[PDB]
Amino acid sequence: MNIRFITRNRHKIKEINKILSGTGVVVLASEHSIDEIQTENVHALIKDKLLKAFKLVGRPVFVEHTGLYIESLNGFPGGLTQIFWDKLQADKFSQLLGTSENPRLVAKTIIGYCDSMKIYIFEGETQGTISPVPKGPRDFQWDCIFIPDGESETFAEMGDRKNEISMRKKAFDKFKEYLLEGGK
Amino acid sequence: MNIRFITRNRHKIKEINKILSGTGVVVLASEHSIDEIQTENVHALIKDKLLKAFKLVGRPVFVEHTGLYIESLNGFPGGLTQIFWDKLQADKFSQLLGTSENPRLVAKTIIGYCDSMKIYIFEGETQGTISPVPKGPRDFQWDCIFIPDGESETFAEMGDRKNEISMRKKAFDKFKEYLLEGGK
Amino acid sequence: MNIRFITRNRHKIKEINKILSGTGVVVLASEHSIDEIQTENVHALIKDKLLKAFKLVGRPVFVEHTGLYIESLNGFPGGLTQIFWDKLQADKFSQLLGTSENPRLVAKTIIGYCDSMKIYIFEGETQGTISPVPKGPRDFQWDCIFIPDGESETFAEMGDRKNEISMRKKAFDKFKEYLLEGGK
Amino acid sequence: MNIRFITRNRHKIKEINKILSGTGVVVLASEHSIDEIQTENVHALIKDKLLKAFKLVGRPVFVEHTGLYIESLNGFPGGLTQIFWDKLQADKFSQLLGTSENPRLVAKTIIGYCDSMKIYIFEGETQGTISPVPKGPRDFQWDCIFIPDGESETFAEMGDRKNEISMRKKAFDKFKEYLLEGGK
Amino acid sequence: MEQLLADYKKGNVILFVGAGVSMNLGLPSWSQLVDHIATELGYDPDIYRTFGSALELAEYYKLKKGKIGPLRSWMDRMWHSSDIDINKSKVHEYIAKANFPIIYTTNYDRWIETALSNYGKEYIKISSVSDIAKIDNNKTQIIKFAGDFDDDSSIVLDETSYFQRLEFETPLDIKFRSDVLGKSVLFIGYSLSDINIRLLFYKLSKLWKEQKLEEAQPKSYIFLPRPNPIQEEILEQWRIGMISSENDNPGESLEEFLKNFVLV
Amino acid sequence: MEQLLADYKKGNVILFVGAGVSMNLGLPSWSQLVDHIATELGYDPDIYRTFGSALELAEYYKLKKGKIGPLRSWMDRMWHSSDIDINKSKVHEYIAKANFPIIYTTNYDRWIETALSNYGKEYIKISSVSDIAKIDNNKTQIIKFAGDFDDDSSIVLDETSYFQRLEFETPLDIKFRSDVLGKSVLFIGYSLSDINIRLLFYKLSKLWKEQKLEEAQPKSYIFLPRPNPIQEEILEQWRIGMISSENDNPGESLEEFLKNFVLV
Amino acid sequence: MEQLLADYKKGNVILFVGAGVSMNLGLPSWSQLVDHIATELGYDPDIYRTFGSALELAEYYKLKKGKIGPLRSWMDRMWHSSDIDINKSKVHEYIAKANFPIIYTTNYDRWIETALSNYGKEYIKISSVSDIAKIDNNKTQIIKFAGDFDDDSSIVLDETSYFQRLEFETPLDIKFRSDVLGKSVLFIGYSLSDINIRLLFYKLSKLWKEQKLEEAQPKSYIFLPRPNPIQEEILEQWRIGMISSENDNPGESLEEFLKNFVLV
Amino acid sequence: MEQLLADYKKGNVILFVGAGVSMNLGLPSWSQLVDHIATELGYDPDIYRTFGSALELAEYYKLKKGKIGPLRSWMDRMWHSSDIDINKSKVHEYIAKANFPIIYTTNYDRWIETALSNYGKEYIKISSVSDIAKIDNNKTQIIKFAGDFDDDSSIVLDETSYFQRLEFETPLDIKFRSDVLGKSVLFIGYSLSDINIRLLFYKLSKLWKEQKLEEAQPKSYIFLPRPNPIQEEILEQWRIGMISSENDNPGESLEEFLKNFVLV
Ligand SMILES: NC(=O)c1ccc[n+]([C@@H]2O[C@H](COP(=O)([O-])OP(=O)(O)OC[C@H]3O[C@@H](n4cnc5c(N)ncnc54)[C@H](O)[C@@H]3O)[C@@H](O)[C@H]2O)c1
Ligand SMILES: NC(=O)c1ccc[n+]([C@@H]2O[C@H](COP(=O)([O-])OP(=O)(O)OC[C@H]3O[C@@H](n4cnc5c(N)ncnc54)[C@H](O)[C@@H]3O)[C@@H](O)[C@H]2O)c1
Ligand SMILES: O=c1nc[nH]c2c1ncn2[C@H]1C[C@H](O)[C@@H](COP(=O)(O)OP(=O)(O)OP(=O)(O)O)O1
Ligand SMILES: O=c1nc[nH]c2c1ncn2[C@H]1C[C@H](O)[C@@H](COP(=O)(O)OP(=O)(O)OP(=O)(O)O)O1
Ligand SMILES: O=c1nc[nH]c2c1ncn2[C@H]1C[C@H](O)[C@@H](COP(=O)(O)OP(=O)(O)OP(=O)(O)O)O1
Ligand SMILES: O=c1nc[nH]c2c1ncn2[C@H]1C[C@H](O)[C@@H](COP(=O)(O)OP(=O)(O)OP(=O)(O)O)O1
């Protein structure tokens, strides 16, 4: 299956490429930096972002969105995580969220896919914790700040075994299950 | 002069009615809740919001976006203040931003006005301080948390003289000035 | 049967009325004085005269031409008898043709009939002798000069039995026969 | 000037050729034998004959009709002279009209000329006497029977000076005069 | 025939008067007309005819002289002389007494209206688009399909003219190609040697057949004084029906046919 | 505007109603219509739109399902439902109580007639040549310019139909193009996104000018609700005069624009 | 005349042949045709020709006999007989030697092609659209504007037909109306008794005038044999010349006019 | 698809180039155009694009300024600037090296001929009825179907213009409706949002079917870079077949397709 991908993140392309490596499907990724909308439900956000991507391409194209949901911050980001990270980085994140009463937070990836006829929504989630100190490499955003539940290593520090339990892996497992199950 | 206004805040209608009492112009406000976009520049944001308002009305209509800019948060809100205040309210604002080492913040409103031919942009700003405690009535969002420069009372407790030094008053003074001199 | 007749002789109308009394057919005579042509054959003459009569009427119409043929004149009249009799009358006929060595002459009528589809030709003849003196009434042209074969009275003095042995009676007997058997 | 002529007499062509030698005009004669009409006035006769000649040619064409008028016959020929001469010839002319008490007769030709716009009529006449015996050659019809006024020789024996006093010469002198002065 | 009288009663017949009617009056006629041009141009009455139809002969005069004006002036002053009395034409009386709500015509004169007035009736004369705007459903309409003597740019008196007026694009055609949708026409005073009729009807017919509702197309007619075999056949394909007579007096025959309509 | 009011009493205004008048009643709209086709075809409402106009997104349904029957059934049953009350629509009331002699429409329903009957009037529906043959000058004429649901050979609901119908050769065309000569049309309910109105008037006008009487061509109109600068100049080149209002409630607007006619 | 010769040099002349050419050969005339129809119907020659034109007196045949087959057969067998020798007709020789790139005709026979082959030349026949698809720019094109005997749905031999073929919607028309946009036509063999020749040019000329380049539209011609005052004027109105002669012999006349073109 | 290549071989295909081709060059686009009209007239780029399509927005400019001249000048001087080098557009190279006998276009610029000359070739430009008289069967013909910048009375750049040019009555229309009789057209650089191609083809087709020789109609094509489901359905109704690609670089896709033709 030849599916296209529109995104802004370049490392997202390499993650989706090594996750889907050897499956049979291929991804023709392109960089456009589609702006998102400020809504609470991620279904409408992934719907209109996939609408803008299909208006850009016109071929079968899927669209990914990733969000952090901080339980201390009453579930504030998720949909709006990009501006949060791009204004704070890892310096002004862990000193005021990792040292609070509730370090618990959940990270969700939602995939919106268009088969040129319909819109299909697939999602996955992992629970986790904010580290009090940023730890590991700092080349893939909040990977050095996010320890998963039941682990003591940040997602940048585990390395290539991040893509076996992460929320991108479950979301693209459901996407892979749909893509080889047929066009149902 | 007859100009229209699209918003979702019912008290924005009240303040723009009572600022513009006696200047000559009147506003015919309607409630629609246009969804804004997530960008850094407020010019493209107010252009997109005024474009949606003009597509909905089709007559001379202005729209207004109001933003806080907290210096301890490196100016994180502004464009995106509504989801912030609607999520963490007044309880989870003063206890972790009013107690900060840098309590400086500036409040800005931008006004996008369309005369059905062109797009005109007017703005105002007021430097201020975040209170360590919500003080005043809580019927008009963050007026009970904003200490203006030169005073010790919040905008909620200050009363009807709130819209004499406010950034909304400066922006609407420039808007009223352009409406009274004419279509320049 | 209703057939029309075009002529210039008013007594031709009278004779054709009183020959055809009781046979079933009637004639609607009109006076026009069609000008004949000068030819030797009476077939082309009666075809031209019937053509002019059919162009004038447009309905089933018959026409009739009557000719004398004097043997001392090598059969000079016939086709052209009308101008002859209208010029030299009865005075300059008997004194130089009735006194001739050969007083034989034959009288013929030809009848051209058009049924608005075809042209039908009927004829009769009677051998006779020219009188040396006009004898009888002079109201019907040369009947007072024609001695028929077998008698010594002219056609004028003979009376209403003129049209029982006459060549007009034989030609109209053939015409009446074809009109009663039908469109053969 | 180039004028055409339609006739049936081949010697009419010869005489009109040799009368019109040297005047300037020439004739292109053709033989068709137009059938004339049986009327008293020669004007309607020559109009009908010129109409048939112009319908056959379509160019400037003249036609000519030649008539005898015997005073003992009350002017019976003229218009109808051709059938008369072709039937009784020269044998049955002199023995019963040349021996009459009144041997006066006048010969006339009428010329109907069409210039493809109008109809022009020219005529001539010569008083004369009928011979009691055919005298002269018999190649040109009744020239051997016509004694002109003032002479004792027939037109046949007179020779080439026949067309100097003849009625054809007077009529063609008027025709030649109108052709030389022009289209009056 | 009977069918026609059926329609006359309901109110679904249109009348198309032609030049034949103008005989009783004693007006001139084309013969005299063309004879006229001939004398004027220098020819002879008969020699002129040998060259063309009739419209063509007239388009010559025009070109020679320069324009139609001169002739229109003769026709108008002559055809409308003061020696013609309308009261003595029975044909007109009947037309003015029957009940036809729309009367079309191809004459250029003005007698049909003069008649309608003399026996007390009202009408609206339509020779242009301006008039199509005054029509009242309470008066009779008289349409001059071939022009009148009150304009020179309408009178159809020549080939070039009898041409353009063949694509039916004039304002006064569109009105007639929409008045026959749902109605029958009764030609009178006409002749069968003109083929506008054959393109009008040959074209109304084909339309019903497209819808395939042909059975409904109203039915036309065409009283001709003298009967003719061949033509009846052809004028039937196009959907028109003849109604001849036997009186050889053409005029008399016409006065007759129009009594089955005046019937008080 | 005043000029219009002048004629609404002479009987020279023709009303051309369109979908906007309906909607208010509570009926569906192409929104729902085009969506239905989508679901019935496996597509998603939005995605389907990104492919063609709307007519096109219906030339397609048919082609797949072979014919237009399946759809005409849904529309007929859904629109003419029994949860719709006519006495609750003023727009439809004022229209019934005015005095317009002829009424053309491009809607497929049957609500206008229903109203005229409800408030006590009489009319003759015209959707084929047969009807044209029944017109009574004493009742109203309601012409369906785009077909009704009582036939499928004449329903303009697709491209290939908004085509052979751009040559104005159908019988119902010939009628319009004879009615507009001498009268003016007041368009209402319409949205200017259709070029049928721009090839009719563009073609009528150019006719008057050839006739050299432009100053006579009757005046038209077109009540739009919100005004457009650009599309007001273009629509004068031809010859239509826009009218408009300030009340922003669409329905409110239309209703009052009409009381200016109902009085009396 | 001289002007014409100019164009023939380059290649801007088209030839249009008619029946006059096919009479020198010996073929039956049209007279005999109509007469035949008469005998075969009980009428007599003369009386039959008093009811209609000629085309009309041939639509009657068919109608009675139900179809045109019975005639096409007499005609085909009689004309294309074997007592006719093509090498004895100069007119047909020259035509085969000249240099005319395109040749239209209104005859139904096949003698022109026969000659072109007898004197060694190549050509293509076009009587339908399929043929148009085979045109070679290196051979002559012989177009049959009025049908051949190899099909009866085309032969134009009756009124009804010589009618519907006056709207120019047939494929073979569209071609002639694009061939004459840029070239001139030399009519020969014809006789002014048509309106096709008149509504063709009358309609081309007017086009050039709108284009405001009248001075460019080329010049047809029309060798007639005898001359006509009137027609020259009427036909002068639409760029049609005229080139009569003086030799009365019709055949003689035509042949000479042609040698002016063969000239090796 | 293979069928098309079948014909380039024999010699029966016509190229109809559109605006898409003019992209590699770097010319302005339609967008920039309307942006200009907007700034000039006093509006804002986007606010302007809300009141109409394009053949409306431009007609406004013209109605306002007074005439089209002021724009033609900007366009001509801008589109033909000296910063564009033809030698660097592969698309043009292929077009100039292929062997298409007749090339039609809807662009207004002059680059297609500049190309033919630069790679050594010959041509005749036809924008008027005068040039149709110079055509030589040994050079390529280039027809400007929508006008050039060498006249303002032709350039079709506004509604009213894109109107009259839909009855196909101009000289250049009569020439195209006789060039497709027997030929397939290969559209390129076009976009499916114009109904000229749906009236020409929806009308060429009906003819074959009327003759019933349908099978004969040559076959068209329309390479569209991106593919669409619905359109294929409709465009098949009138023999037109799509030929999409997969390369998402539209430009590249186009250059490709034109190699199957250049093939020495
Ligand atoms: N109610 C609806 O939404 C709807 C939609 C489709 C059909 N209809 C019927 O049609 C009417 C409404 O149609 P609509 O206004 O919704 O149509 P639309 O909005 O679907 O029209 C699309 C656009 O295509 C245009 N157009 C026409 N020819 C074109 C061409 N050659 N090039 C480019 N554009 C062209 C017009 O500018 C029009 O704006 C009603 O009368 C109804 O009966 C209803
Ligand atoms: N092969 C032949 O001999 C022959 C002869 C007759 C017809 N045709 C066909 O017809 C054409 C040639 O015809 P043609 O020139 O021999 O004459 P034609 O048979 O076409 O003549 C018809 C006559 O009708 C007349 N007419 C036209 N409009 C009229 C009107 N409104 N009222 C009365 N009369 C009117 C014309 O002026 C002409 O005299 C060619 O297309 C040919 O195929 C062939
Ligand atoms: O596995 C991850 N590990 C660490 N950080 C991550 C991850 N995945 C997303 N992120 C960050 C980057 C991204 O910018 C932001 C929100 O995601 P997001 O806004 O959708 O990415 P983007 O804007 O760069 O590309 P796109 O145009 O598809 O939205 O969270
Ligand atoms: O004078 C104010 N004093 C206190 N709080 C205020 C004030 N004015 C706006 N607010 C709140 C509500 C508003 O939602 C948010 C930011 O304003 P802002 O983001 O522009 O409003 P919004 O997103 O809901 O849409 P809109 O501008 O059309 O009303 O802070
Ligand atoms: O029974 C008759 N007994 C004595 N004389 C007769 C008779 N019938 C005719 N005639 C006279 C008059 C007629 O004019 C002339 C030759 O007859 P004829 O030449 O055919 O008459 P015509 O030339 O005046 O024309 P039409 O036949 O139409 O009456 O002898
Ligand atoms: O100079 C003449 N000397 C003696 N006889 C003449 C002469 N000229 C004519 N003739 C004879 C023949 C001619 O046929 C008849 C009356 O002349 P006429 O009736 O006009 O001749 P026609 O009927 O045969 O026809 P056309 O005049 O066209 O030749 O007397």
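Cut-offs applied
Residues numbered from 1 in each chain as written, not as in the entry; some residues may be left out. Chains lettered and ligands numbered in written order. Heavy atoms only, no water. Near = heavy atom within 4 Å. Polar contact = N/O pair within 3.5 Å; in protein donor to acceptor, adjacent residues only side chain to side chain. Nonpolar A, V, L, I, M, F, W, Y, C, P; charged D, E, K, R; others polar. Contact = heavy atoms within 4.5 Å. Buried area = accessible area lost by both parts, 1.4 Å probe. Salt bridge = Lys/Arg side-chain N within 4 Å of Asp/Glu carboxyl O. Helix = DSSP H or I, 4+ residues; strand = E, 2+ residues; numbered from the N terminus. Least-squares fit on C-alpha atoms. Buried < 20%, exposed > 50% of the residue type's maximum accessible area, 1.4 Å probe, protein only. Arc of directions from axis to C-beta. Axes fitted to C-alpha atoms, helices over the stretch in contact; angles between N-to-C directions. Parallel < 35°, antiparallel > 145°, perpendicular 65-115°, else oblique. Left-handed = near helix turned anticlockwise from the far one by under 90°. Pairing = 2+ DSSP bridges.

For this coordinate set, the PDB header names cryo-EM as the determination method and states a resolution of 3.1 Å.

(A) Seen up close, the site of ligand 2. Taken together, 13 residues are adjacent to ligand 2, and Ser193 of chain E together with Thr106, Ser191, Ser193 and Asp194 of chain G come closest. In this structure, ligand 2 sits where chains E and G come together, each supplying nearby residues. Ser191 of chain G places a polar main-chain atom, nitrogen or oxygen, 3.3 Å from an oxygen atom of ligand 2. Per-class residue counts for the shell around ligand 2 are eight nonpolar, four polar and one charged.

(B) The interface of chain G and chain E, seen in detail. Across the contact, 25 residues belong to chain G and 25 residues belong to chain E. When the two sides are added together, the surface that chain G and chain E hide from each other amounts to roughly 2,400 Å², 65% of it contributed by carbon and sulfur. Taken as a group, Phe51, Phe163 and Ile230 of chain G account for 23% of the area that chain G buries against chain E, more than any other trio of residues on that side. With its nearest N and O atoms 3.3 Å apart, the salt bridge here joins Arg198 of chain G to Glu159 of chain E. Inspection of the region where chain G meets chain E yields seven residue pairs in polar contact. Residue assignment for the side of chain G that touches chain E shows that the elements contributing at least two residues are α4 (56–65), α9 (161–164), α11 (196–210) and α12 (229–236) of chain G. Of the residues assigned to the side of chain G that touches chain E, the class counts are 13 nonpolar, six polar and six charged.

(C) Highlighting the relation of the copies chain D and chain C. Under the fitted operation, chain D is carried onto chain C by 0.0 Å of movement along the axis and a turn of 180 degrees, and the coordinates agree to an RMSD of 0.0 Å. In the structure described here, the two chain copies are related by an operation that fits a two-fold rotation axis. Rotation axis and chain D: the residue whose C-alpha lies nearest the axis is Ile37 of chain D, separated from it by 2.7 Å. A shared binding surface is used by both copies, with 94% of the interface residues of chain D retained as interface residues in chain C.

(D) Region of interest: helix α1 (residues 2–10) of chain H. Residue and element names in this part refer to chain H. Turning to α1, its buried residues are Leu4, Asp7 and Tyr8. Viewed along the axis of α1, the buried residues span an arc of 105 degrees, placing them on a single side of the element. Seen from the buried face of α1, the exposed residues on the opposite side, beyond 90 degrees, are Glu2, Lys9 and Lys10. Residues of α1 that are buried make contact with β1 (13–17), β5 (184–188), β6 (221–222), α12 (250–257) and α13 (259–262).

(E) Up close: the packing of helix α1 (residues 10–19) of chain B against helix α6 (residues 167–181) of chain B. All names here are of chain B. Orientation of α1 relative to α6, taken along the N-to-C sense of each, is 55 degrees, at an axis distance of 11 Å. By the angle between their directions, the pair α1 and α6 is classed as oblique. Every pair of crossing elements has a handedness; the one defined by α1 and α6 is right-handed. On the side of α1, the interface is formed by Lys12, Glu15, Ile16 and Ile19, while α6 contributes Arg168, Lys169 and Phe172. Here the contact of α1 with α6 is built from residues that sort into three nonpolar, no polar and four charged.

(F) Representation of unusual backbone geometry within the structure. Even without being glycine, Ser116 of chain C reaches a positive phi, approximately 60 degrees. For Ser116 of chain C, the location among the structural elements is in the loop between β4 (104–114) and β5 (119–130).

(G) Structural detail: the environment of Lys125 of chain G. All names here are of chain G. For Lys125, the position within the fold is in strand β3 (residues 123–126). The exposure class assigned to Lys125 is partly exposed, which follows from its relative accessible area of 28%. Setting aside residues up to four positions removed in sequence, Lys125 forms contacts with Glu113, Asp131, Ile142, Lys144 and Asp148.

(H) Just the packing of helix α5 (residues 56–65) of chain F against helix α11 (residues 229–237) of chain H, in detail. Two elements in contact, α5 of chain F and α11 of chain H, have axes whose closest approach is 10 Å; the angle formed by their N-to-C orientations is 75 degrees. With respect to α11 of chain H, the element α5 of chain F is oriented roughly perpendicular. Taking contact as the criterion, the partners of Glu56, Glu59, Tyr60, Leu63 and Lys64 of chain F in α5 of chain F are, on α11 of chain H, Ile230, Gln231, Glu233, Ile234 and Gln237 of chain H.

(I) Main features of the sheet that holds strand β4 (residues 104–114) of chain D. Residue and element names in this part refer to chain D. Pairing in this open sheet of six strands is mixed, and the strands run β2-β1-β3-β4-β5-β6 from one edge to the other. Because the sheet does not close on itself, it has two edges, and the strands there are β2 (26–31) and β6 (146–148). Pairs of neighbouring strands in the sheet enclose a mean axial angle of 40 degrees, with direction left out of account. Where strand β3 (residues 61–70) and β4 come together, 10 bridges link them in antiparallel fashion. Along β4, the bridge assignment pairs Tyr69 with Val106. The sheet strands contacting helix α2 (residues 42–57) are β1 (2–7), β3, β4 and β5 (119–130), and the helix crosses β3 at an angle near 150 degrees. Contacts from helix α6 (residues 167–181) reach β1, β3, β4 and β5, with the element oriented near 160 degrees to β5.

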